[PDB]
Structure formats: structure tokens, C-alpha cells
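Pasting coords-v8.pdb here (PDB, C-alpha atoms):
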ATOM      1  CA  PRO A   1     122.339  57.681  22.670
ATOM      2  CA  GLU A   2     124.604  59.984  24.749
ATOM      3  CA  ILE A   3     127.040  58.059  26.965
ATOM      4  CA  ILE A   4     128.975  59.667  29.805
ATOM      5  CA  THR A   5     131.273  58.634  32.638
ATOM      6  CA  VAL A   6     130.315  59.653  36.177
ATOM      7  CA  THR A   7     132.663  59.183  39.106
ATOM      8  CA  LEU A   8     131.227  59.430  42.628
ATOM      9  CA  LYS A   9     132.556  59.649  46.200
ATOM     10  CA  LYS A  10     130.092  57.406  48.051
ATOM     11  CA  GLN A  11     128.557  59.180  50.997
ATOM     12  CA  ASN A  12     126.268  56.489  52.297
ATOM     13  CA  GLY A  13     125.905  54.637  49.021
ATOM     14  CA  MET A  14     125.577  56.511  45.719
ATOM     15  CA  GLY A  15     122.179  57.960  46.756
ATOM     16  CA  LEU A  16     120.408  56.038  43.997
ATOM     17  CA  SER A  17     117.316  53.890  43.811
ATOM     18  CA  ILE A  18     117.549  51.492  40.867
ATOM     19  CA  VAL A  19     115.449  48.951  38.989
ATOM     20  CA  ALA A  20     115.968  46.134  36.499
ATOM     21  CA  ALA A  21     113.916  46.741  33.348
ATOM     22  CA  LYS A  22     113.818  46.223  29.591
ATOM     23  CA  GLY A  23     113.917  49.296  27.383
ATOM     24  CA  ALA A  24     110.923  49.254  25.062
ATOM     25  CA  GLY A  25     113.363  48.987  22.154
ATOM     26  CA  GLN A  26     115.607  46.429  23.842
ATOM     27  CA  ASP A  27     115.451  42.669  24.457
ATOM     28  CA  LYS A  28     118.468  42.972  26.797
ATOM     29  CA  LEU A  29     117.564  43.524  30.466
ATOM     30  CA  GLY A  30     119.102  46.685  31.971
ATOM     31  CA  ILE A  31     119.821  48.597  35.179
ATOM     32  CA  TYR A  32     118.072  51.968  35.268
ATOM     33  CA  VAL A  33     117.916  54.866  37.738
ATOM     34  CA  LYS A  34     114.398  54.764  39.107
ATOM     35  CA  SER A  35     114.979  57.894  41.248
ATOM     36  CA  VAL A  36     117.772  59.954  42.909
ATOM     37  CA  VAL A  37     117.937  60.656  46.665
ATOM     38  CA  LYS A  38     118.019  64.387  47.354
ATOM     39  CA  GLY A  39     121.283  65.280  49.096
ATOM     40  CA  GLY A  40     122.970  61.994  48.160
ATOM     41  CA  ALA A  41     126.246  61.623  46.206
ATOM     42  CA  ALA A  42     124.624  61.367  42.748
ATOM     43  CA  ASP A  43     122.331  64.312  43.539
ATOM     44  CA  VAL A  44     125.235  66.584  44.541
ATOM     45  CA  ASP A  45     127.192  65.460  41.484
ATOM     46  CA  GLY A  46     124.127  66.673  39.577
ATOM     47  CA  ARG A  47     124.553  64.577  36.397
ATOM     48  CA  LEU A  48     122.493  61.380  37.056
ATOM     49  CA  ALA A  49     118.678  61.376  36.698
ATOM     50  CA  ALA A  50     115.612  59.081  36.747
ATOM     51  CA  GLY A  51     115.490  57.080  33.496
ATOM     52  CA  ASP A  52     119.244  56.903  32.903
ATOM     53  CA  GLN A  53     120.597  53.477  32.159
ATOM     54  CA  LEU A  54     123.601  52.236  34.102
ATOM     55  CA  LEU A  55     125.747  50.506  31.470
ATOM     56  CA  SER A  56     128.805  49.520  33.511
ATOM     57  CA  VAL A  57     130.011  49.686  37.109
ATOM     58  CA  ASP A  58     133.813  50.016  37.643
ATOM     59  CA  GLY A  59     134.373  48.920  34.023
ATOM     60  CA  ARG A  60     132.247  45.773  34.386
ATOM     61  CA  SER A  61     129.030  45.705  32.300
ATOM     62  CA  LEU A  62     125.599  45.609  33.971
ATOM     63  CA  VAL A  63     123.759  44.982  30.694
ATOM     64  CA  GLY A  64     121.808  41.697  30.300
ATOM     65  CA  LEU A  65     122.606  40.320  33.767
ATOM     66  CA  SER A  66     120.490  38.498  36.355
ATOM     67  CA  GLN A  67     119.352  40.621  39.330
ATOM     68  CA  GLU A  68     121.622  38.450  41.532
ATOM     69  CA  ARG A  69     124.718  39.107  39.344
ATOM     70  CA  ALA A  70     124.079  42.875  39.302
ATOM     71  CA  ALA A  71     123.404  43.148  43.066
ATOM     72  CA  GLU A  72     126.673  41.309  43.717
ATOM     73  CA  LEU A  73     128.445  43.852  41.497
ATOM     74  CA  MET A  74     126.964  46.825  43.349
ATOM     75  CA  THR A  75     127.891  45.529  46.833
ATOM     76  CA  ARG A  76     131.521  45.093  45.696
ATOM     77  CA  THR A  77     132.021  48.801  44.824
ATOM     78  CA  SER A  78     134.706  50.878  46.593
ATOM     79  CA  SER A  79     134.248  54.207  48.406
ATOM     80  CA  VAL A  80     134.731  55.446  44.855
ATOM     81  CA  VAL A  81     132.673  54.185  41.903
ATOM     82  CA  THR A  82     132.885  54.973  38.193
ATOM     83  CA  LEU A  83     129.707  54.446  36.183
ATOM     84  CA  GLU A  84     129.172  54.489  32.445
ATOM     85  CA  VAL A  85     125.678  55.858  32.000
ATOM     86  CA  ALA A  86     123.494  56.030  28.919
ATOM     87  CA  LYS A  87     121.628  59.341  29.309
ATOM     88  CA  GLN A  88     117.846  58.997  28.739
ATOM     89  CA  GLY A  89     117.145  60.314  25.253
ATOM     90  CA  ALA A  90     114.699  63.082  24.422
ATOM     91  CA  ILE A  91     113.733  61.141  21.307
ATOM     92  CA  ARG A  92     113.241  57.634  22.638
ATOM     93  CA  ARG A  93     111.457  54.377  22.020
ATOM     94  CA  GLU A  94     108.486  53.693  24.299
ATOM     95  CA  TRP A  95     105.628  51.241  24.681
ATOM     96  CA  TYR A  96     102.005  52.344  24.429
ATOM     97  CA  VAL A  97      98.880  50.422  25.126
TER      98      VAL A  97
ATOM     99  CA  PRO B   1      99.440  43.996  48.208
ATOM    100  CA  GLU B   2      96.062  45.503  47.173
ATOM    101  CA  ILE B   3      94.647  43.930  43.999
ATOM    102  CA  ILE B   4      91.796  45.460  42.019
ATOM    103  CA  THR B   5      89.965  44.893  38.747
ATOM    104  CA  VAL B   6      89.781  47.784  36.279
ATOM    105  CA  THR B   7      87.611  47.644  33.183
ATOM    106  CA  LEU B   8      88.225  50.210  30.431
ATOM    107  CA  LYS B   9      86.489  51.385  27.242
ATOM    108  CA  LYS B  10      89.465  51.877  24.911
ATOM    109  CA  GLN B  11      89.474  55.325  23.395
ATOM    110  CA  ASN B  12      92.603  55.144  21.309
ATOM    111  CA  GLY B  13      94.297  52.439  23.336
ATOM    112  CA  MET B  14      94.088  52.401  27.142
ATOM    113  CA  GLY B  15      96.114  55.650  27.391
ATOM    114  CA  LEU B  16      98.972  53.849  29.130
ATOM    115  CA  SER B  17     102.717  53.764  28.704
ATOM    116  CA  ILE B  18     104.132  50.521  30.103
ATOM    117  CA  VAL B  19     107.461  48.853  30.828
ATOM    118  CA  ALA B  20     108.781  45.378  31.594
ATOM    119  CA  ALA B  21     110.659  45.363  34.908
ATOM    120  CA  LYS B  22     111.522  43.263  37.947
ATOM    121  CA  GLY B  23     110.195  44.394  41.307
ATOM    122  CA  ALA B  24     113.089  44.775  43.721
ATOM    123  CA  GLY B  25     111.544  41.981  45.790
ATOM    124  CA  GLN B  26     110.685  39.797  42.804
ATOM    125  CA  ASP B  27     112.627  37.445  40.514
ATOM    126  CA  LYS B  28     109.579  37.250  38.203
ATOM    127  CA  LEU B  29     109.565  39.837  35.395
ATOM    128  CA  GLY B  30     106.455  42.061  35.364
ATOM    129  CA  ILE B  31     104.436  44.597  33.375
ATOM    130  CA  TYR B  32     104.218  47.958  35.130
ATOM    131  CA  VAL B  33     102.552  51.300  34.370
ATOM    132  CA  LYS B  34     105.415  53.644  33.615
ATOM    133  CA  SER B  35     103.047  56.627  33.149
ATOM    134  CA  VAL B  36      99.399  57.495  32.290
ATOM    135  CA  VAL B  37      98.387  59.694  29.329
ATOM    136  CA  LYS B  38      96.343  62.678  30.479
ATOM    137  CA  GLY B  39      92.869  62.503  28.934
ATOM    138  CA  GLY B  40      93.214  58.834  27.965
ATOM    139  CA  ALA B  41      90.876  55.993  29.039
ATOM    140  CA  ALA B  42      92.865  54.992  32.153
ATOM    141  CA  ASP B  43      93.230  58.651  33.171
ATOM    142  CA  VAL B  44      89.470  59.306  32.970
ATOM    143  CA  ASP B  45      88.788  56.064  34.831
ATOM    144  CA  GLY B  46      91.055  57.584  37.487
ATOM    145  CA  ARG B  47      92.186  54.352  39.207
ATOM    146  CA  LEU B  48      95.462  53.387  37.408
ATOM    147  CA  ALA B  49      98.767  55.136  38.244
ATOM    148  CA  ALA B  50     102.531  55.042  37.540
ATOM    149  CA  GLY B  51     104.091  52.120  39.444
ATOM    150  CA  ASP B  52     101.059  49.822  39.358
ATOM    151  CA  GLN B  53     101.734  46.311  38.202
ATOM    152  CA  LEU B  54      99.528  44.818  35.509
ATOM    153  CA  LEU B  55      98.932  41.243  36.688
ATOM    154  CA  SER B  56      96.539  39.953  34.024
ATOM    155  CA  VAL B  57      94.931  41.165  30.804
ATOM    156  CA  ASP B  58      91.448  39.742  29.970
ATOM    157  CA  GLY B  59      92.022  36.957  32.527
ATOM    158  CA  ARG B  60      95.368  35.922  31.018
ATOM    159  CA  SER B  61      98.434  36.508  33.246
ATOM    160  CA  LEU B  62     101.179  38.955  32.219
ATOM    161  CA  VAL B  63     103.516  37.880  35.030
ATOM    162  CA  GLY B  64     106.888  36.300  34.091
ATOM    163  CA  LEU B  65     106.423  36.539  30.312
ATOM    164  CA  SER B  66     108.788  37.508  27.491
ATOM    165  CA  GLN B  67     108.280  41.021  26.059
ATOM    166  CA  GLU B  68     107.133  39.347  22.804
ATOM    167  CA  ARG B  69     104.463  37.231  24.592
ATOM    168  CA  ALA B  70     103.116  40.260  26.496
ATOM    169  CA  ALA B  71     103.035  42.574  23.441
ATOM    170  CA  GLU B  72     101.083  39.904  21.555
ATOM    171  CA  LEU B  73      98.598  39.805  24.444
ATOM    172  CA  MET B  74      98.109  43.575  24.440
ATOM    173  CA  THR B  75      97.490  43.816  20.667
ATOM    174  CA  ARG B  76      94.770  41.136  20.950
ATOM    175  CA  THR B  77      92.597  43.156  23.391
ATOM    176  CA  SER B  78      89.018  44.141  22.461
ATOM    177  CA  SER B  79      87.481  47.637  22.518
ATOM    178  CA  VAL B  80      86.936  46.614  26.128
ATOM    179  CA  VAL B  81      89.733  45.344  28.387
ATOM    180  CA  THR B  82      89.667  44.055  31.959
ATOM    181  CA  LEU B  83      92.920  44.325  33.899
ATOM    182  CA  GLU B  84      93.871  42.860  37.248
ATOM    183  CA  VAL B  85      96.223  45.401  38.763
ATOM    184  CA  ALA B  86      98.424  45.170  41.828
ATOM    185  CA  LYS B  87      98.295  48.689  43.310
ATOM    186  CA  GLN B  88     101.772  50.075  44.165
ATOM    187  CA  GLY B  89     102.188  49.735  47.919
ATOM    188  CA  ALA B  90     102.995  52.577  50.287
ATOM    189  CA  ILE B  91     105.225  50.188  52.215
ATOM    190  CA  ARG B  92     107.228  48.527  49.469
ATOM    191  CA  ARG B  93     110.475  46.777  48.715
ATOM    192  CA  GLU B  94     113.039  48.853  46.818
ATOM    193  CA  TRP B  95     116.658  48.700  45.722
ATOM    194  CA  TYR B  96     119.228  51.202  46.962
ATOM    195  CA  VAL B  97     122.765  51.715  45.878
TER     196      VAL B  97
END

Rewrite the structure of this file - the entire thing - as C-alpha cells.
Amino acid sequence: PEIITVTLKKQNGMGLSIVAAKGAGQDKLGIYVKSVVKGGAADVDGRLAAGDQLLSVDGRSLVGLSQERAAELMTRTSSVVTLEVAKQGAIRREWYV
Amino acid sequence: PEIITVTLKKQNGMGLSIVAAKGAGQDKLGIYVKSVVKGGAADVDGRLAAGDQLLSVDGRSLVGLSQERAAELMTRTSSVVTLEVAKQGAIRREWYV
């Protein structure tokens, strides 16, 4: 799983719409990019994309946390935010029914 | 929130790729349609779509359950399955960052 570090200058927010989900593989709850806002900070930066997992915010992990704990952590971010992101794999575990 | 009942004749499975997530509004974990397989049972039926929440399977609720409990419930389904689905709203709660 490819992991990268993305640093953003917040325009109005990071220009990101997120969701709490469990990876089909995982038992640990995670924060994922549901979609990117065109023309927002993450869009212009050009790295982040729907499906990417947000591992940490400002060095503090987002993995396995309550939706309350994670929301608190997002509201506390500076004008500048550094994310560790697990890039969505080409070869990936998924759940079929 | 519009709720409907969809009954499917399983071809090879329902032709559905699902995910466990929390609605931005919700604290209850849910089963959602991540994507539909073209040419699968749900596709041909034409009702189900990415974003829809799967409320119950065969009359048994999928809301708020462990990923183990839900997977067990999906593997137990007959050649015929009846789902209660909460259609993804146009006006909906979402989580921006």
C-alpha cells in the first residue's frame, strides 16, 4: 500500500468530502476521501483522490477513531495541514455480494 | 428518506460491491452500495445504485452490525433475496473538510 505525505494551504477548508468506513480487508474503522471539490485546495494540489484513506492529520492518527474524535481533529487544523494518505491500490480487497 | 423494497433473482450473487460506513449524519454503522456490477442482477433490476443504504436483508436488519455479523447474513441468502433499501437522498447530510 503506497503511502505519501500531502501538505495543503487551506483555501476554504481542504476541499474534501470525507466518510468514515471500514476497508473490506480491515476491522479498523478509517477516514476515506469520498470525493474532491473541483477548484479546492486538494484538487489544485492534484494528488488526493476519491478512495484514498487519510491515515494521519498533522501527525496524529485518524485510524480506528470514533466519528466524534476524528471531527474534533479536523476542526483543530491550522491554515496549513499535513496528511499522511494511503493511496487507493489498483490491486485491492473488496466486498462482493 | 425514501425507502423501497427490492427483490432479486441472484445470478452469480446480487452483482453488488458493498462497504460498511457511517453516514455523515449517523452514529450507527451501515451497509452501503459502493458500486453496481454492469450486467449483474441488481443492474438488470435497475433500481439499486451507488450510495444506497441496505437497511435489511430478508427482513433482518443490517443497521449497526459488526462486519462479521453482516457478512454472515449475506452468505446465508437464498437464490432469492429481498432488500429494504434507503435510497440516497438528493438533499443529504455530508462531511466537509

I'd like the superposed chain A, fitted onto chain B by least squares over all Cα atoms in order, as a compact mmCIF listing (two decimals) with C-alpha atoms, in the coordinates of the input.
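superposed_35.txt, written as the output of this step:
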# COMPACT_ATOMS: atom_id res chain seq x y z
CA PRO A 1 99.44 44.00 48.21
CA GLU A 2 96.06 45.50 47.17
CA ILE A 3 94.65 43.93 44.00
CA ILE A 4 91.80 45.46 42.02
CA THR A 5 89.97 44.89 38.75
CA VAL A 6 89.78 47.78 36.28
CA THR A 7 87.61 47.64 33.18
CA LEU A 8 88.23 50.21 30.43
CA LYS A 9 86.49 51.39 27.24
CA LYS A 10 89.46 51.88 24.91
CA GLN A 11 89.47 55.32 23.40
CA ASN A 12 92.60 55.14 21.31
CA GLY A 13 94.30 52.44 23.34
CA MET A 14 94.09 52.40 27.14
CA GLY A 15 96.11 55.65 27.39
CA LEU A 16 98.97 53.85 29.13
CA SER A 17 102.72 53.76 28.70
CA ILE A 18 104.13 50.52 30.10
CA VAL A 19 107.46 48.85 30.83
CA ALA A 20 108.78 45.38 31.59
CA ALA A 21 110.66 45.36 34.91
CA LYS A 22 111.52 43.26 37.95
CA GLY A 23 110.19 44.39 41.31
CA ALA A 24 113.09 44.78 43.72
CA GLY A 25 111.54 41.98 45.79
CA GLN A 26 110.69 39.80 42.80
CA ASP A 27 112.63 37.45 40.51
CA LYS A 28 109.58 37.25 38.20
CA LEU A 29 109.57 39.84 35.39
CA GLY A 30 106.45 42.06 35.36
CA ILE A 31 104.44 44.60 33.38
CA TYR A 32 104.22 47.96 35.13
CA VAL A 33 102.55 51.30 34.37
CA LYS A 34 105.41 53.64 33.62
CA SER A 35 103.05 56.63 33.15
CA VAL A 36 99.40 57.50 32.29
CA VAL A 37 98.39 59.69 29.33
CA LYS A 38 96.34 62.68 30.48
CA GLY A 39 92.87 62.50 28.93
CA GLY A 40 93.21 58.83 27.96
CA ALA A 41 90.88 55.99 29.04
CA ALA A 42 92.87 54.99 32.15
CA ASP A 43 93.23 58.65 33.17
CA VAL A 44 89.47 59.31 32.97
CA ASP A 45 88.79 56.06 34.83
CA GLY A 46 91.06 57.58 37.49
CA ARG A 47 92.19 54.35 39.21
CA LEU A 48 95.46 53.39 37.41
CA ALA A 49 98.77 55.14 38.24
CA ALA A 50 102.53 55.04 37.54
CA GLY A 51 104.09 52.12 39.44
CA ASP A 52 101.06 49.82 39.36
CA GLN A 53 101.73 46.31 38.20
CA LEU A 54 99.53 44.82 35.51
CA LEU A 55 98.93 41.24 36.69
CA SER A 56 96.54 39.95 34.02
CA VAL A 57 94.93 41.17 30.80
CA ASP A 58 91.45 39.74 29.97
CA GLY A 59 92.02 36.96 32.53
CA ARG A 60 95.37 35.92 31.02
CA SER A 61 98.43 36.51 33.25
CA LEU A 62 101.18 38.96 32.22
CA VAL A 63 103.52 37.88 35.03
CA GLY A 64 106.89 36.30 34.09
CA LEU A 65 106.42 36.54 30.31
CA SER A 66 108.79 37.51 27.49
CA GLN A 67 108.28 41.02 26.06
CA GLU A 68 107.13 39.35 22.80
CA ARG A 69 104.46 37.23 24.59
CA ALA A 70 103.12 40.26 26.50
CA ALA A 71 103.04 42.57 23.44
CA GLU A 72 101.08 39.90 21.56
CA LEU A 73 98.60 39.80 24.44
CA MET A 74 98.11 43.58 24.44
CA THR A 75 97.49 43.82 20.67
CA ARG A 76 94.77 41.14 20.95
CA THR A 77 92.60 43.16 23.39
CA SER A 78 89.02 44.14 22.46
CA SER A 79 87.48 47.64 22.52
CA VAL A 80 86.94 46.61 26.13
CA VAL A 81 89.73 45.34 28.39
CA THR A 82 89.67 44.06 31.96
CA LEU A 83 92.92 44.33 33.90
CA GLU A 84 93.87 42.86 37.25
CA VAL A 85 96.22 45.40 38.76
CA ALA A 86 98.42 45.17 41.83
CA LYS A 87 98.29 48.69 43.31
CA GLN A 88 101.77 50.08 44.17
CA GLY A 89 102.19 49.74 47.92
CA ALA A 90 103.00 52.58 50.29
CA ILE A 91 105.23 50.19 52.22
CA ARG A 92 107.23 48.53 49.47
CA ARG A 93 110.47 46.78 48.71
CA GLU A 94 113.04 48.85 46.82
CA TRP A 95 116.66 48.70 45.72
CA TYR A 96 119.23 51.20 46.96
CA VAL A 97 122.76 51.71 45.88

Result set of the PyMOL selection byres ((chain B and resi 86) around 7) on the coordinates above, as a CSV table (one decimal) with C-alpha atoms, in the coordinates of the input:
chain,number,residue,atom,x,y,z
B,1,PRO,CA,99.4,44.0,48.2
B,2,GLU,CA,96.1,45.5,47.2
B,3,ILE,CA,94.6,43.9,44.0
B,4,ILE,CA,91.8,45.5,42.0
B,52,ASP,CA,101.1,49.8,39.4
B,53,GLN,CA,101.7,46.3,38.2
B,54,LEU,CA,99.5,44.8,35.5
B,55,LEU,CA,98.9,41.2,36.7
B,84,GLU,CA,93.9,42.9,37.2
B,85,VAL,CA,96.2,45.4,38.8
B,87,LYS,CA,98.3,48.7,43.3
B,88,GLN,CA,101.8,50.1,44.2

Contact set, chain A to chain B: 9 Å, all atoms listed in the file, as a PyMOL selection string: chain A and resi 12-24+27+29+66-67+74-75+94-97

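In this model, the gap between atom CA of residue A:72 and atom CA of residue A:57 comes to 11.2 Å.
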
Test item: the PyMOL selection byres ((chain B and resi 7) around 12) resolved as number ranges by chain: B: 4-6, 8-10, 14, 41-42, 44-48, 56-59, 77-85

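You will find atom CA of residue B:73 at 23.1 Å from atom CA of residue A:92.
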
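Atom pair atom CA of residue A:69 / atom CA of residue B:25: separated by 14.9 Å.
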